[PDB]
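A.B. asks: Dropping a structure here in structure tokens format, bear with me for questions.
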Amino acid sequence: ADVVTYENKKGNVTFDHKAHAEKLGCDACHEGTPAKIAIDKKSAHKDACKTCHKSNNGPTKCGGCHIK
Ligand code: HEC
Ligand code: HEC
Ligand code: HEC
Ligand SMILES: [Cr+3]
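Quick note: the sequence shown uses the numbering used here, first residue 195, plus one each step.
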């Protein structure tokens, strides 16, 4: 993937793989040999996302992902 996208019922969380890998670097999320990050509604709301945001981009809280 490169620009993973997820259509939600209350907004959207257009993810990024390549566009992100740029700043991230895989390891940023994964750790030696990828596979998955089990995202849905529990982790994506944890360190998963909320962690490497409060610094760049700007909106890290509500509105960040779910385009509001
Ligand atoms: C305001 C603080 C928020 C509301 C309202 C919702 N979120 Fe999020 N969110 C994020 C991700 C990466 C996901 C996983 C994608 C997936 O669903 O597979 C989610 C998911 C949701 C869900 C689940 C949707 C459903 O009912 O199927 C809901 C209801 C939801 N989010 C509401 C990411 C982010 C995030 C990144 C910056 C923020 C700040 C929030 N979500 C905050 C909200
Ligand atoms: C959970 C899978 C994530 C969601 C939801 C979002 N990200 Fe990120 N993110 C990071 C940086 C350094 C930026 C700015 C630079 C860039 O991405 O190249 C972003 C940006 C966003 C955006 C806006 C993208 C844009 O160019 O406008 C959204 C919607 C977004 N992120 C949602 C960093 C990180 C990161 C650090 C390791 C992680 C794990 C994530 N982002 C994950 C999520
Ligand atoms: C660096 C270029 C990489 C590599 C080698 C991998 N990714 Fe990621 N990844 C992230 C998340 C949240 C998931 C799960 C998505 C969800 O369930 O919503 C993934 C998943 C993977 C896979 C498995 C999925 C598949 O494509 O079948 C693989 C093989 C993978 N990744 C490899 C998150 C990030 C991310 C932070 C948002 C960054 C940067 C990357 N991934 C980058 C990489
Ligand atoms: Cr919450």
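Every residue gets a Cβ at the ideal spot worked out from N, C-alpha and C, and that includes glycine.
When you compare only the Cα positions, how much space is there between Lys204 and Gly258?
C.D. replies: 13 Å
A.B. asks: DSSP three-state call for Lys217: helix, strand or coil?
C.D. replies: coil
A.B. asks: Relative to the C-alpha of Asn202, which residue among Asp221, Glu216, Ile233, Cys220 is closest?
C.D. replies: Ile233
A.B. asks: Could you check the C-alpha separation between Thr254 and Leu218 for me, to the nearest Å?
C.D. replies: 16 Å
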